[PDB]
Each structure stands twice: as structure tokens, then as C-alpha cells.
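S.K.: This is the content of data11.txt (compact mmCIF, C-alpha atoms):
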# COMPACT_ATOMS: atom_id res chain seq x y z
CA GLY A 1 0.00 0.00 0.00
CA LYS A 2 1.32 3.48 -0.59
CA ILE A 3 0.48 7.00 0.58
CA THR A 4 2.28 10.35 0.31
CA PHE A 5 1.63 13.28 2.64
CA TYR A 6 2.41 16.91 1.53
CA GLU A 7 2.92 19.91 3.80
CA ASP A 8 1.03 22.28 1.47
CA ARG A 9 -2.37 21.96 -0.13
CA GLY A 10 -2.64 20.84 -3.73
CA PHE A 11 0.28 18.38 -3.43
CA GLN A 12 2.93 21.00 -2.86
CA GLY A 13 5.88 21.38 -0.50
CA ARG A 14 7.79 18.83 1.56
CA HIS A 15 6.31 15.31 1.39
CA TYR A 16 6.86 11.74 2.60
CA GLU A 17 6.05 8.48 0.83
CA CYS A 18 4.84 5.80 3.17
CA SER A 19 4.06 2.04 2.96
CA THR A 20 3.63 0.93 6.57
CA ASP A 21 2.22 1.77 9.97
CA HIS A 22 3.96 4.70 11.64
CA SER A 23 3.46 5.57 15.31
CA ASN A 24 5.16 8.93 14.70
CA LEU A 25 5.43 10.87 11.44
CA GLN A 26 6.72 14.15 12.93
CA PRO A 27 10.29 13.44 11.72
CA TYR A 28 9.27 13.74 8.02
CA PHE A 29 6.84 16.68 7.93
CA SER A 30 5.30 19.06 10.47
CA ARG A 31 1.88 19.49 8.86
CA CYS A 32 -0.27 17.79 6.21
CA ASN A 33 -2.55 19.73 3.84
CA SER A 34 -2.82 17.20 1.01
CA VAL A 35 -2.35 13.47 0.38
CA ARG A 36 -2.17 10.98 -2.45
CA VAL A 37 -3.30 7.48 -1.70
CA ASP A 38 -1.77 5.44 -4.50
CA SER A 39 -3.00 2.16 -3.01
CA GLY A 40 -4.49 0.91 0.26
CA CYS A 41 -6.97 1.90 2.99
CA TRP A 42 -5.43 4.19 5.66
CA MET A 43 -6.45 5.59 9.02
CA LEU A 44 -4.72 8.89 9.65
CA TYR A 45 -4.31 10.06 13.20
CA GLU A 46 -3.95 13.60 14.46
CA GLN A 47 -1.52 12.71 17.25
CA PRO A 48 1.39 10.19 17.68
CA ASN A 49 0.85 6.58 18.64
CA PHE A 50 -2.51 6.45 16.97
CA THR A 51 -4.47 8.97 19.13
CA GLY A 52 -6.35 12.24 18.66
CA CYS A 53 -8.66 12.64 15.67
CA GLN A 54 -8.91 9.77 13.17
CA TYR A 55 -9.55 10.15 9.43
CA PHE A 56 -10.25 7.37 6.99
CA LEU A 57 -8.45 7.64 3.64
CA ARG A 58 -9.13 5.53 0.54
CA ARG A 59 -7.24 5.74 -2.69
CA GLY A 60 -7.62 9.06 -4.42
CA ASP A 61 -6.07 12.55 -4.40
CA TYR A 62 -6.95 14.82 -1.46
CA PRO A 63 -6.09 18.49 -2.30
CA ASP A 64 -7.17 19.88 1.06
CA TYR A 65 -7.36 18.40 4.54
CA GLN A 66 -11.08 19.17 4.42
CA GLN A 67 -11.41 16.54 1.63
CA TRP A 68 -10.73 13.89 4.30
CA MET A 69 -12.87 15.77 6.85
CA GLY A 70 -9.83 16.84 8.89
CA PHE A 71 -10.26 19.22 11.83
CA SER A 72 -6.84 20.71 10.94
CA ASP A 73 -3.64 19.99 9.07
CA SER A 74 -2.38 17.65 11.81
CA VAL A 75 -1.51 14.05 10.78
CA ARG A 76 1.10 12.44 13.07
CA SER A 77 0.60 8.66 12.85
CA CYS A 78 -0.98 6.16 10.43
CA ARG A 79 -2.29 2.60 10.00
CA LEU A 80 -2.51 0.59 6.79
CA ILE A 81 -5.84 -1.16 7.31
CA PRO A 82 -5.93 -4.86 6.19
CA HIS A 83 -8.36 -6.14 3.62
CA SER A 84 -11.34 -7.97 5.16
CA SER A 85 -13.46 -10.50 3.21
CA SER A 87 -16.51 -10.18 5.45
CA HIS A 88 -17.88 -7.71 8.05
CA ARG A 89 -20.03 -8.40 11.11
CA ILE A 90 -20.75 -6.26 14.18
CA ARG A 91 -22.99 -6.59 17.22
CA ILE A 92 -24.50 -3.37 18.48
CA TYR A 93 -25.59 -3.24 22.05
CA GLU A 94 -27.99 -0.80 23.62
CA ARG A 95 -26.18 -0.56 26.94
CA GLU A 96 -22.45 -0.53 27.71
CA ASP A 97 -20.73 -3.80 28.61
CA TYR A 98 -22.99 -5.52 26.00
CA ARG A 99 -26.10 -5.35 28.21
CA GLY A 100 -29.55 -4.60 26.83
CA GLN A 101 -31.07 -4.95 23.39
CA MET A 102 -28.91 -5.85 20.40
CA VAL A 103 -28.76 -6.04 16.58
CA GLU A 104 -26.24 -7.70 14.29
CA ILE A 105 -25.13 -6.21 11.01
CA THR A 106 -23.04 -7.12 7.95
CA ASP A 107 -23.78 -4.04 5.81
CA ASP A 108 -23.20 -0.30 6.16
CA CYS A 109 -25.57 1.84 8.18
CA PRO A 110 -25.82 5.56 7.12
CA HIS A 111 -28.32 6.09 9.95
CA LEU A 112 -28.30 3.82 12.99
CA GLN A 113 -30.92 5.27 15.33
CA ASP A 114 -33.54 5.41 12.62
CA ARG A 115 -33.07 1.84 11.30
CA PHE A 116 -33.36 -0.31 14.44
CA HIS A 117 -36.07 -0.90 17.09
CA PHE A 118 -34.04 1.06 19.67
CA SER A 119 -31.83 4.18 19.40
CA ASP A 120 -29.17 4.05 22.15
CA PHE A 121 -25.90 2.41 21.07
CA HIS A 122 -23.14 2.09 23.72
CA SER A 123 -21.01 -0.95 23.07
CA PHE A 124 -19.81 -2.89 20.07
CA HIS A 125 -18.46 -6.30 19.39
CA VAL A 126 -16.64 -6.37 16.05
CA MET A 127 -16.64 -10.03 14.90
CA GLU A 128 -15.24 -9.71 11.40
CA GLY A 129 -13.65 -6.82 9.58
CA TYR A 130 -12.65 -3.23 10.07
CA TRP A 131 -15.31 -0.56 10.23
CA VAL A 132 -15.44 3.21 10.59
CA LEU A 133 -17.85 4.45 13.25
CA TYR A 134 -18.98 8.03 12.66
CA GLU A 135 -20.42 10.58 15.05
CA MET A 136 -23.19 11.68 12.71
CA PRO A 137 -25.43 9.99 10.15
CA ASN A 138 -24.18 9.67 6.62
CA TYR A 139 -20.54 9.24 7.46
CA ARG A 140 -20.02 12.77 8.79
CA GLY A 141 -18.33 14.05 11.93
CA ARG A 142 -15.54 12.51 14.02
CA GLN A 143 -14.43 9.06 12.89
CA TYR A 144 -13.31 6.07 14.89
CA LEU A 145 -11.63 3.03 13.46
CA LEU A 146 -13.19 -0.18 14.70
CA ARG A 147 -10.99 -3.20 14.34
CA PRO A 148 -11.94 -6.79 15.21
CA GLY A 149 -12.59 -7.01 18.89
CA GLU A 150 -14.57 -5.58 21.80
CA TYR A 151 -15.61 -2.09 22.83
CA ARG A 152 -17.58 -1.89 26.07
CA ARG A 153 -17.80 1.89 26.45
CA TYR A 154 -17.13 4.85 24.11
CA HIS A 155 -13.74 5.25 25.83
CA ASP A 156 -12.64 2.02 24.03
CA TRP A 157 -12.90 3.38 20.51
CA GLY A 158 -11.10 6.63 21.33
CA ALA A 159 -14.23 8.73 21.65
CA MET A 160 -14.29 11.63 24.10
CA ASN A 161 -18.06 11.27 23.89
CA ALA A 162 -20.96 8.78 23.35
CA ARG A 163 -22.21 10.14 20.01
CA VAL A 164 -22.67 7.68 17.11
CA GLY A 165 -24.92 8.05 14.06
CA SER A 166 -23.45 5.98 11.22
CA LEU A 167 -21.25 3.03 10.41
CA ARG A 168 -19.41 1.76 7.33
CA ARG A 169 -17.26 -1.20 6.24
CA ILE A 170 -13.75 -0.31 5.21
CA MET A 171 -13.56 -2.06 1.85
CA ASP A 172 -11.93 -0.17 -1.01
CA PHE A 173 -12.43 2.79 -3.27
CA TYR A 174 -12.54 0.78 -6.53
The structure in this file should be written as C-alpha cells.

M.R.:
Amino acid sequence: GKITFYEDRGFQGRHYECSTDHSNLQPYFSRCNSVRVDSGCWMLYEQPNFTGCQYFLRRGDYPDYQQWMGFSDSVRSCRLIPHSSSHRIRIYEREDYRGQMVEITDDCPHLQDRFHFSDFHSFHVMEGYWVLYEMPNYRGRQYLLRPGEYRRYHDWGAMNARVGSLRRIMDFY
């Protein structure tokens, strides 16, 4: 997989070509205003060691940080997300998996409208990587969900319990 980050918008300035996970990109550029995803699915992180804001990037050219819904021009770590052949997630109503629950294998642009209940506080990712969004239609803050368990919002890096949409990381093309 390959990605290149540029310090200036419109693919200008100092840049860095990258093919792997990086817990700290500060040594190669101090800001990111544009990116070129040649191949792969990447999760950009605002701070080192995969913390702060998260941004999902699929192959394409991103002229401005706003094209990847960035809150700023900060990108300090990154993950090359693995290809998954299937996707399955269990959504619980209460934290710690308590309460009502639904199971899904498709994308959900609007969670609280689609199911028989509208409080979602814990997740159990069975297969695949997903992007949880704060607002319907894949808008707002983003949180990478990898296979595994998330009992409270604190587990998926969220500073808050807001969720409105969900999508399977798959591929752009």
C-alpha cells in the first residue's frame, strides 16, 4: 500500500512516501494539507501513537485536509488497514454488552432510525474493520473499529458517546 503526505495543499511542498504503519510521522513533515493514496486503505491520526482525531483515507487525491474531513492539518501517525473478506458487528444498547442488540453485515448511514431502539453504547466487532462516525451519513468525528470488543465509548477513542453511522472499510474501486 502506498500514501504520500504533503505539507502544502494541492500536493505541494515537503512530502513523505509511506508504505507501513507509523506511530510517529513528525520526523518527516510538520503538517499535512494534502495526500495521495496510491494504493491501500489508511487511518490517519492527528496525534502520535494512533491517538487524537482519526480520518479514513481511501485511494484518491486529497487536495485539502477538508477533503478527508480533517479538523486541521495535523496528521502524526498512520495505519494501513488490512483487507477484510466479510464484516459483522454486534451493536448493544447498553455498555458492557447489556440490553437490546442487533447484528449487522452491511453499512448503516443512519443507525438510530433503522433499528427498534436508538441508544448504542457498546460494540463487538466479529469480522472486519469498520469506521464508526459521530453523525449519520458518514459525517463528523471518525473512529476506526478493528476486530474485537468495545464496552464503552472510551474504548474506541471517543471523548463522547455520540454515534450516528457506520461503514465497512472495503476499497475505493

S.K.: At most 10 Å is the cut-off: for each residue in segment 111-165 of chain A with any atom that close to an atom of segment 70-75 of chain A, write down the nearest atom pair and the distance in Å rounded to one decimal, counting only C-alpha atoms, chain first then increasing number, as CSV.

M.R.:
residue,atom,partner,partner_atom,distance
A:141,CA,A:70,CA,9.4
A:142,CA,A:70,CA,8.8
A:143,CA,A:70,CA,9.9

S.K.: Extract, using only C-alpha atoms, all DNA, RNA and protein residues at most 9 Å from residue 62 of chain A, discarding same-chain residues fewer than 3 positions from it, and format them as an mmCIF file with C-alpha atoms, in the coordinates of the input.

M.R.:
data_model
loop_
_atom_site.group_PDB
_atom_site.id
_atom_site.type_symbol
_atom_site.label_atom_id
_atom_site.label_comp_id
_atom_site.auth_asym_id
_atom_site.auth_seq_id
_atom_site.Cartn_x
_atom_site.Cartn_y
_atom_site.Cartn_z
ATOM 1 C CA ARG A 9 -2.370 21.960 -0.130
ATOM 2 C CA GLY A 10 -2.640 20.840 -3.730
ATOM 3 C CA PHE A 11 0.280 18.380 -3.430
ATOM 4 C CA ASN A 33 -2.550 19.730 3.840
ATOM 5 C CA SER A 34 -2.820 17.200 1.010
ATOM 6 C CA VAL A 35 -2.350 13.470 0.380
ATOM 7 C CA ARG A 36 -2.170 10.980 -2.450
ATOM 8 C CA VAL A 37 -3.300 7.480 -1.700
ATOM 9 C CA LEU A 57 -8.450 7.640 3.640
ATOM 10 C CA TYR A 65 -7.360 18.400 4.540
ATOM 11 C CA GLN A 66 -11.080 19.170 4.420
ATOM 12 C CA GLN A 67 -11.410 16.540 1.630
ATOM 13 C CA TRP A 68 -10.730 13.890 4.300
#

S.K.: Using all atoms listed in the file, which of A:165, A:82, A:110, A:63 sits nearest residue 130 of chain A?

M.R.: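 The shortest atom-to-atom distance to residue 130 of chain A comes from A:82.
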
S.K.: Which value, in Å to one decimal, gives the distance between atom CA of residue 32 of chain A and atom CA of residue 133 of chain A?

M.R.: 23.2 Å

S.K.: What does the distance from atom CA of residue 169 of chain A to atom CA of residue 25 of chain A come to in Å, to one decimal?

M.R.: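 Value for the atom CA of residue 169 of chain A-atom CA of residue 25 of chain A distance: 26.2 Å.
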
S.K.: What is the distance between atom CA of residue 167 of chain A and atom CA of residue 135 of chain A, in Å to one decimal?

M.R.: 8.9 Å

S.K.: For residue 144 of chain A, which of A:18, A:112, A:127, A:170 is the closest residue, counting all atoms listed in the file?

M.R.: A:170
